[PDB]
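Here is entry.pdb, consisting of PDB, C-alpha atoms (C1' of nucleotides):
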```pdb
ATOM      1  CA  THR A   1      48.343 -15.082 -11.078
ATOM      2  CA  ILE A   2      50.322 -15.898 -14.230
ATOM      3  CA  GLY A   3      53.088 -13.593 -15.415
ATOM      4  CA  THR A   4      55.017 -10.771 -13.801
ATOM      5  CA  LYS A   5      55.511  -7.200 -14.959
ATOM      6  CA  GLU A   6      59.281  -7.742 -14.846
ATOM      7  CA  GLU A   7      59.350 -10.929 -16.944
ATOM      8  CA  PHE A   8      57.048  -9.625 -19.709
ATOM      9  CA  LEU A   9      57.192  -5.833 -19.941
ATOM     10  CA  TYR A  10      60.619  -5.120 -18.461
ATOM     11  CA  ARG A  11      62.524  -7.689 -20.529
ATOM     12  CA  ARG A  12      60.639  -6.614 -23.652
ATOM     13  CA  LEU A  13      61.651  -3.004 -23.037
ATOM     14  CA  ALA A  14      65.202  -4.128 -22.224
ATOM     15  CA  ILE A  15      65.445  -5.815 -25.627
ATOM     16  CA  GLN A  16      64.029  -2.658 -27.215
ATOM     17  CA  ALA A  17      66.583  -0.506 -25.362
ATOM     18  CA  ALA A  18      69.428  -2.803 -26.417
ATOM     19  CA  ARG A  19      68.242  -2.501 -30.015
ATOM     20  CA  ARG A  20      68.237   1.294 -29.736
ATOM     21  CA  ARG A  21      71.700   1.076 -28.159
ATOM     22  CA  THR A  22      73.042  -0.890 -31.121
ATOM     23  CA  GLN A  23      71.251   1.455 -33.533
ATOM     24  CA  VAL A  24      72.987   4.435 -31.913
ATOM     25  CA  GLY A  25      76.333   2.651 -31.855
ATOM     26  CA  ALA A  26      76.120   1.627 -35.513
ATOM     27  CA  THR A  27      76.451   5.199 -36.832
ATOM     28  CA  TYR A  28      80.188   5.424 -36.081
ATOM     29  CA  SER A  29      80.994   1.717 -36.555
ATOM     30  CA  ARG A  30      82.998   0.423 -39.512
ATOM     31  CA  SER A  31      82.121   2.682 -42.432
ATOM     32  CA  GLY A  32      82.742   2.858 -46.160
ATOM     33  CA  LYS A  33      81.784  -0.783 -46.777
ATOM     34  CA  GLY A  34      78.053  -0.153 -47.213
ATOM     35  CA  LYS A  35      74.925   0.201 -45.123
ATOM     36  CA  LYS A  36      74.453  -3.547 -44.670
ATOM     37  CA  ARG A  37      77.648  -4.045 -42.691
ATOM     38  CA  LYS A  38      76.861  -0.960 -40.603
ATOM     39  CA  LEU A  39      73.416  -2.364 -39.741
ATOM     40  CA  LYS A  40      74.833  -5.883 -39.269
ATOM     41  CA  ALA A  41      74.577  -5.551 -35.485
ATOM     42  CA  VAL A  42      70.990  -4.316 -35.836
ATOM     43  CA  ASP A  43      70.269  -7.404 -37.954
ATOM     44  CA  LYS A  44      70.814  -9.587 -34.871
ATOM     45  CA  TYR A  45      67.666  -8.185 -33.250
ATOM     46  CA  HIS A  46      65.526  -9.432 -36.136
ATOM     47  CA  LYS A  47      62.790 -11.245 -34.190
ATOM     48  CA  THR A  48      64.321 -11.270 -30.709
ATOM     49  CA  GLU A  49      61.608  -9.572 -28.673
ATOM     50  CA  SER A  50      58.859 -10.977 -30.902
ATOM     51  CA  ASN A  51      60.106 -14.481 -30.096
ATOM     52  CA  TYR A  52      60.359 -13.629 -26.395
ATOM     53  CA  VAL A  53      56.823 -12.210 -26.342
ATOM     54  CA  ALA A  54      55.467 -15.220 -28.230
ATOM     55  CA  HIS A  55      57.118 -17.657 -25.819
ATOM     56  CA  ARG A  56      55.880 -15.877 -22.698
ATOM     57  CA  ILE A  57      52.402 -15.581 -24.225
ATOM     58  CA  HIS A  58      52.408 -19.318 -24.928
ATOM     59  CA  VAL A  59      53.481 -20.087 -21.361
ATOM     60  CA  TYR A  60      50.847 -17.781 -19.870
ATOM     61  CA  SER A  61      48.038 -19.097 -22.077
ATOM     62  CA  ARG A  62      49.048 -22.675 -21.268
ATOM     63  CA  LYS A  63      48.960 -21.975 -17.532
ATOM     64  CA  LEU A  64      45.555 -20.297 -17.873
ATOM     65  CA  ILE A  65      44.143 -23.245 -19.822
ATOM     66  CA  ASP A  66      45.685 -25.732 -17.381
ATOM     67  CA  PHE A  67      44.180 -23.913 -14.397
ATOM     68  CA  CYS A  68      40.768 -23.731 -16.069
ATOM     69  CA  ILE A  69      40.790 -27.428 -17.004
ATOM     70  CA  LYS A  70      42.117 -28.574 -13.617
ATOM     71  CA  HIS A  71      39.198 -26.791 -11.912
ATOM     72  CA  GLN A  72      36.720 -27.968 -14.582
ATOM     73  CA  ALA A  73      35.884 -24.382 -15.562
ATOM     74  CA  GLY A  74      33.772 -24.940 -18.655
ATOM     75  CA  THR A  75      33.349 -21.230 -19.396
ATOM     76  CA  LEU A  76      36.206 -18.717 -19.253
ATOM     77  CA  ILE A  77      35.235 -15.031 -19.187
ATOM     78  CA  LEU A  78      37.564 -12.102 -19.861
ATOM     79  CA  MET A  79      36.481  -9.272 -17.558
ATOM     80  CA  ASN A  80      36.210  -5.701 -18.870
ATOM     81  CA  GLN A  81      38.311  -6.614 -21.905
ATOM     82  CA  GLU A  82      36.333  -4.309 -24.214
ATOM     83  CA  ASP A  83      37.022  -1.272 -22.023
ATOM     84  CA  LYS A  84      40.706  -2.173 -21.765
ATOM     85  CA  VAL A  85      40.858  -2.476 -25.560
ATOM     86  CA  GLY A  86      39.243   0.955 -25.747
ATOM     87  CA  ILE A  87      41.757   2.592 -23.419
ATOM     88  CA  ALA A  88      44.680   0.794 -25.080
ATOM     89  CA  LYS A  89      43.550   2.109 -28.467
ATOM     90  CA  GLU A  90      43.743   5.727 -27.273
ATOM     91  CA  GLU A  91      47.249   5.302 -25.835
ATOM     92  CA  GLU A  92      50.787   4.515 -26.981
ATOM     93  CA  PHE A  93      52.494   2.474 -24.258
ATOM     94  CA  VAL A  94      49.585   0.088 -23.759
ATOM     95  CA  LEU A  95      49.292  -0.873 -27.435
ATOM     96  CA  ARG A  96      53.016  -1.172 -28.163
ATOM     97  CA  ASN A  97      53.951  -2.976 -24.942
ATOM     98  CA  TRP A  98      50.936  -5.189 -24.068
ATOM     99  CA  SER A  99      50.134  -7.828 -26.687
ATOM    100  CA  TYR A 100      46.440  -8.427 -26.039
ATOM    101  CA  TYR A 101      45.382  -9.529 -29.529
ATOM    102  CA  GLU A 102      48.029 -12.259 -29.442
ATOM    103  CA  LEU A 103      47.008 -13.307 -25.929
ATOM    104  CA  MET A 104      43.333 -13.257 -26.911
ATOM    105  CA  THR A 105      43.867 -15.336 -30.052
ATOM    106  CA  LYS A 106      46.069 -17.868 -28.245
ATOM    107  CA  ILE A 107      43.458 -18.172 -25.490
ATOM    108  CA  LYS A 108      40.658 -18.515 -28.042
ATOM    109  CA  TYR A 109      42.325 -21.283 -30.033
ATOM    110  CA  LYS A 110      43.648 -23.122 -26.958
ATOM    111  CA  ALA A 111      40.202 -23.010 -25.326
ATOM    112  CA  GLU A 112      38.237 -23.954 -28.440
ATOM    113  CA  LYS A 113      40.587 -26.955 -28.524
ATOM    114  CA  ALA A 114      39.785 -27.976 -24.936
ATOM    115  CA  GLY A 115      36.049 -27.246 -25.122
ATOM    116  CA  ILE A 116      36.143 -24.176 -22.864
ATOM    117  CA  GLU A 117      33.850 -21.476 -24.219
ATOM    118  CA  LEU A 118      35.483 -18.040 -24.124
ATOM    119  CA  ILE A 119      33.500 -14.847 -23.486
ATOM    120  CA  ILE A 120      34.679 -11.245 -23.877
ATOM    121  CA  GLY A 121      33.086  -8.264 -22.150
TER     122      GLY A 121
ATOM    123  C1'  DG B   1     100.711  27.360  91.664
ATOM    124  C1'  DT B   2     100.243  25.586  87.017
ATOM    125  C1'  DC B   3      99.414  22.479  82.946
ATOM    126  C1'  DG B   4      97.523  18.267  80.482
ATOM    127  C1'  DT B   5      93.591  14.579  80.889
ATOM    128  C1'  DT B   6      89.266  12.407  81.315
ATOM    129  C1'  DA B   7      84.446  12.007  81.597
ATOM    130  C1'  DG B   8      80.075  13.969  81.300
ATOM    131  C1'  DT B   9      77.407  17.166  79.465
ATOM    132  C1'  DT B  10      75.652  20.697  75.754
ATOM    133  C1'  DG B  11      74.819  22.646  71.371
ATOM    134  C1'  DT B  12      74.702  21.554  66.738
ATOM    135  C1'  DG B  13      74.439  18.834  62.426
ATOM    136  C1'  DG B  14      72.948  14.892  59.355
ATOM    137  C1'  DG B  15      69.413  11.115  58.452
ATOM    138  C1'  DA B  16      64.781   8.008  58.744
ATOM    139  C1'  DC B  17      59.349   8.636  58.575
ATOM    140  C1'  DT B  18      53.532   1.471  54.795
ATOM    141  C1'  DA B  19      51.474   0.012  50.692
ATOM    142  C1'  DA B  20      47.360   0.828  45.984
ATOM    143  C1'  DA B  21      45.424   5.182  43.003
ATOM    144  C1'  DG B  22      46.270  10.148  40.707
ATOM    145  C1'  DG B  23      49.134  13.672  38.829
ATOM    146  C1'  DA B  24      45.440  20.326  36.940
ATOM    147  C1'  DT B  25      48.162  24.696  38.344
ATOM    148  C1'  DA B  26      51.561  30.488  37.449
ATOM    149  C1'  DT B  27      55.165  32.518  37.121
ATOM    150  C1'  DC B  28      56.504  41.633  37.817
ATOM    151  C1'  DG B  29      59.915  45.312  37.506
ATOM    152  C1'  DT B  30      62.282  48.113  30.601
ATOM    153  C1'  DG B  31      67.570  52.024  28.583
ATOM    154  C1'  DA B  32      68.765  53.913  23.731
ATOM    155  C1'  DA B  33      70.878  53.701  19.430
ATOM    156  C1'  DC B  34      73.502  51.912  15.465
ATOM    157  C1'  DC B  35      75.604  48.154  12.896
ATOM    158  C1'  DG B  36      75.836  43.634  11.126
ATOM    159  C1'  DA B  37      73.927  39.352   9.615
ATOM    160  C1'  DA B  38      71.410  36.300   6.523
ATOM    161  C1'  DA B  39      67.180  35.041   4.818
ATOM    162  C1'  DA B  40      63.929  36.147   1.607
ATOM    163  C1'  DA B  41      61.732  37.958  -3.241
ATOM    164  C1'  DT B  42      62.018  39.986  -7.452
ATOM    165  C1'  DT B  43      63.728  40.149 -11.978
ATOM    166  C1'  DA B  44      66.080  38.664 -16.633
ATOM    167  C1'  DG B  45      66.699  35.394 -20.162
ATOM    168  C1'  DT B  46      65.187  31.248 -24.653
ATOM    169  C1'  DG B  47      61.103  28.856 -28.520
ATOM    170  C1'  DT B  48      59.783  23.253 -34.208
ATOM    171  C1'  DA B  49      57.675  20.083 -38.296
ATOM    172  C1'  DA B  50      58.164  16.741 -41.763
ATOM    173  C1'  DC B  51      60.888  14.443 -44.367
ATOM    174  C1'  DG B  52      63.944   9.504 -47.691
ATOM    175  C1'  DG B  53      64.536   4.495 -47.100
ATOM    176  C1'  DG B  54      64.433   0.585 -43.838
ATOM    177  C1'  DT B  55      62.827  -1.917 -40.139
ATOM    178  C1'  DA B  56      61.276  -3.070 -34.907
ATOM    179  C1'  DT B  57      56.592  -3.704 -32.890
ATOM    180  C1'  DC B  58      51.171  -3.552 -32.589
ATOM    181  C1'  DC B  59      45.899  -4.821 -34.362
ATOM    182  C1'  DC B  60      43.151  -7.190 -37.868
ATOM    183  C1'  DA B  61      41.663 -10.468 -41.494
ATOM    184  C1'  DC B  62      42.376 -14.803 -43.998
ATOM    185  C1'  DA B  63      44.411 -19.578 -45.271
ATOM    186  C1'  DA B  64      46.134 -23.977 -44.345
ATOM    187  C1'  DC B  65      41.584 -27.758 -51.970
ATOM    188  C1'  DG B  66      39.937 -31.472 -54.278
ATOM    189  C1'  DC B  67      39.632 -33.942 -58.833
ATOM    190  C1'  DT B  68      41.203 -35.774 -63.665
ATOM    191  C1'  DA B  69      44.295 -36.972 -67.241
ATOM    192  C1'  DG B  70      49.078 -38.199 -69.440
TER     193       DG B  70
END
```

For this file, produce the structure as structure tokens.
Amino acid sequence: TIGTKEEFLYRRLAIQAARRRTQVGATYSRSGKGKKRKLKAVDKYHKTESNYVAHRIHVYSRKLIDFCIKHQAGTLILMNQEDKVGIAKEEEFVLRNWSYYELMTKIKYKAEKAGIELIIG
DNA sequence: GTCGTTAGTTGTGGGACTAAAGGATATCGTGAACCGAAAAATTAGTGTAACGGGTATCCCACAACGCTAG
């Protein structure tokens, strides 16, 4: 089992909540010097949670590939991924808090590199 | 003759009665009337939709050349 709900979803939502916090707090910040200085604090969260998500996705994909190679698993199958894509599409939280295209593409390129053939179903 | 003493009753009261298993019971009699308490049920009142830039994230597709001449 690679990844925890707290280290992926909860920290991602914490970064999002901090960004909303700064967005709310920027309305009454220093004013009269333009919009850019007001949104300066927002500018910090440029690619914060994107970087965090990318790093955790890299770690998780690396652990999956390492486990598959260490047990000589020459064919890695994603179970019920089509149905989960279908339910995620007709939702809001699942799409905007569970990067599955990024995970799938990292797994695909890191398994086509190691010879493992990836199946989706 | 009379009063305290001692021993032997005599009546009366308090305390015992293996170990092992199990272990169901039924339980009357009726006087009135008003006030207070709190617990419960019924009733009366307020409602959005898209929009400007600008920017955070998602899925989804594609690229990431090779050769010739001045």

(request) Select residues of chain A: the criterion is any atom within 7 Å of an atom of chain B, counting all atoms listed in the file; output as number ranges by chain. (result) A: 95-96, 101

(request) Determine the residue set returned by the PyMOL selection byres ((chain A and resi 8-17) around 12) for the present structure, and present it as a ChimeraX atom specification. (result) /A:2-7,18-24,42,44-60,93-99 /B:56-57

(request) Go through A:120, A:109, A:41, A:67 one by one, measure the shortest atom-to-atom distance of each to residue 81 (chain A) using all atoms listed in the file, and give the residue with the smallest value. (result)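 Ranking A:120, A:109, A:41, A:67 by distance to residue 81 (chain A), first place goes to A:120.
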
(request) Go through the shown structure with the PyMOL selection byres ((chain A and resi 74) around 7) and write out the matching residues as a list in words. (result)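 Evaluating the PyMOL selection byres ((chain A and resi 74) around 7) on this file yields residues 72, 73, 75, 76, 116 and 117 of chain A.
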
Go ahead and write the selection's residues with C-alpha atoms as a PDB file, in the coordinates of the input.
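File produced: result.pdb:
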```pdb
ATOM      1  CA  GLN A  72      36.720 -27.968 -14.582  1.00  0.00           C
ATOM      2  CA  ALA A  73      35.884 -24.382 -15.562  1.00  0.00           C
ATOM      3  CA  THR A  75      33.349 -21.230 -19.396  1.00  0.00           C
ATOM      4  CA  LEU A  76      36.206 -18.717 -19.253  1.00  0.00           C
ATOM      5  CA  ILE A 116      36.143 -24.176 -22.864  1.00  0.00           C
ATOM      6  CA  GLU A 117      33.850 -21.476 -24.219  1.00  0.00           C
TER       7      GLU A 117
END
```

(message) One number please: CA of residue 106 (chain A) to CA of residue 61 (chain A), in Å, one decimal.
(response)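 That distance, rounded to one decimal, is 6.6 Å.
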
(request) Just give me the gap between CA of residue 110 (chain A) and CA of residue 70 (chain A) in Å, one decimal is fine. (result)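 Going from CA of residue 110 (chain A) over to CA of residue 70 (chain A) covers 14.5 Å.
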
(request) Figure out the distance between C1' of residue 61 (chain B) and CA of residue 89 (chain A), please, to one decimal in Å. (result) 18.2 Å

(message) Using all atoms listed in the file, can you tell me which of A:34, A:112, A:63, A:100 comes closest to residue 84 (chain A)?
(response)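 Among the listed residues, A:100 lies closest to residue 84 (chain A).
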
Once you add 3 Å to each side, what are the centre and edge lengths of the axis-aligned box holding all listed atoms of region 46-59 of chain A? One decimal in Å, as AutoDock Vina command-line options, if you can.
```
--center_x 59.0 --center_y -14.8 --center_z -28.7 --size_x 19.1 --size_y 16.7 --size_z 20.8
```

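For residue 36 (chain A), the list of residues within 12 Å, based on only C-alpha atoms (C1' of nucleotides) and with local chain neighbours fewer than 6 positions off taken out, reads residues 26, 27, 29, 30, 42 and 43 of chain A; 54 of chain B.
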